[PDB]
Amino acid sequence: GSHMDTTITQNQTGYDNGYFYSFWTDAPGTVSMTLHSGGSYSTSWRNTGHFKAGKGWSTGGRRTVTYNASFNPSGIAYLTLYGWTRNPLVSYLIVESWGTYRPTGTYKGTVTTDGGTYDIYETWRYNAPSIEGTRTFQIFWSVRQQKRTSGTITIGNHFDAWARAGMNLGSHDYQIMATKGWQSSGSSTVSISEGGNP
Ligand SMILES: [N+]
Ligand SMILES: [N+]
């Protein structure tokens with residue numbers, strides 16, 4: 001594209017081609033995010049700490065989104081539609097692919113959506129970094145039963161299934177198609193846009 005790509009290595013957020021982006025890590029210098037044209041970005045990490053990087057929207061909602069990804073973890077990493085709510089403070093992850101560790105937790109059934117079935121889990125995070133600072137909060141999970149690296153995510157269907165399982169979201173903060181991980185190494189290239197049939 002005409003876009004002059006840049007590479008981010010320090011915690012930050014902003015907009016790029018109308019897309020909200022977020023980069024966060026506790027191991028600066030060991031992970032980078034490259035901003036591409038439109039809703040595209042790449043990541044690269046080597047012996048990192050915690051990291052999360054993605055493009056999407058500064059205010060989340062019941063969007064139907066379509067993505068395409070190259071996802072290459074050597075350890076614990078996820079390819080995931082990732083977001084936050086406030087009141088209550090909740091982090092949620094719709095997990096499309098994973099590395100050496102598949103997420104698990106308190107199992108609350110399944111949701112079938114977008115050509116596949118997802119396991120539903122709730123976990124808790126204690127005194128951890130958040131959009132509200134150091135906090136204890138819920139994590140809502142949908143983990144696809146088979147990995148994939150492209151397709152359409154009907155976010156509304158996950159929200160509804162969680163609600164039926166008694167997993168209640170607050171007022172939406174950001175919502176990104178993220179590459180997230182803990183330590184080890186890897187790379188990703190991810191393209192996201194709103195669109196596709198719900
Ligand atoms: N750690
Ligand atoms: N993690």
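Here Cβ is always computed from backbone atoms with ideal geometry, including for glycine, and neighbour counts include all displayed protein chains. Read-outs: derived from the displayed coordinates by stated rules, not from any lab.
Looking at (1) surrounded by 15 or more Cβ atoms within 10 Å (Cβ to Cβ); (2) more than 16 Å from ligand 1 (Cβ to nearest atom); (3) closer than 20 Å to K147 by Cα, which is the only condition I76 fails? Failing condition for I76: (2). Can you find even one residue in the stretch 165-181 that is touching a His at 6+ places or on another chain (Cβ under 7 Å), within 16 Å of ligand 2 (Cβ to nearest atom) and under 24 Å from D26 (Cα atoms)? No: the stretch 165-181 contains no residue that is touching a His at 6+ places or on another chain (Cβ under 7 Å), within 16 Å of ligand 2 (Cβ to nearest atom) and under 24 Å from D26 (Cα atoms).
Taking the residues in the stretch 173-198 that are outside any strand (DSSP E or B) and on the phi > 0 side of the Ramachandran plot as candidates, determine which candidate is nearest to ligand 1 (Cβ to nearest atom). Taking the candidates together, the pick is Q183. Where strands (runs of 3 or more DSSP E) fall entirely within the stretch 1-62, those with at least 3 residues that are surrounded by 13 or more Cβ atoms within 10 Å (Cβ to Cβ) and in contact (Cβ under 8 Å) with a residue 60 or more places away in the chain are at 19-25, 40-45, 50-57. Listed by position, the strands (runs of 3 or more DSSP E) enclosed by the stretch 83-172 that each have at least 1 residues that are surrounded by fewer than 19 Cβ atoms within 10 Å (Cβ to Cβ), out of contact with any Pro (no Cβ under 8 Å at 6 or more places or on another chain) and on the phi > 0 side of the Ramachandran plot are 106-113, 116-128, 150-154.
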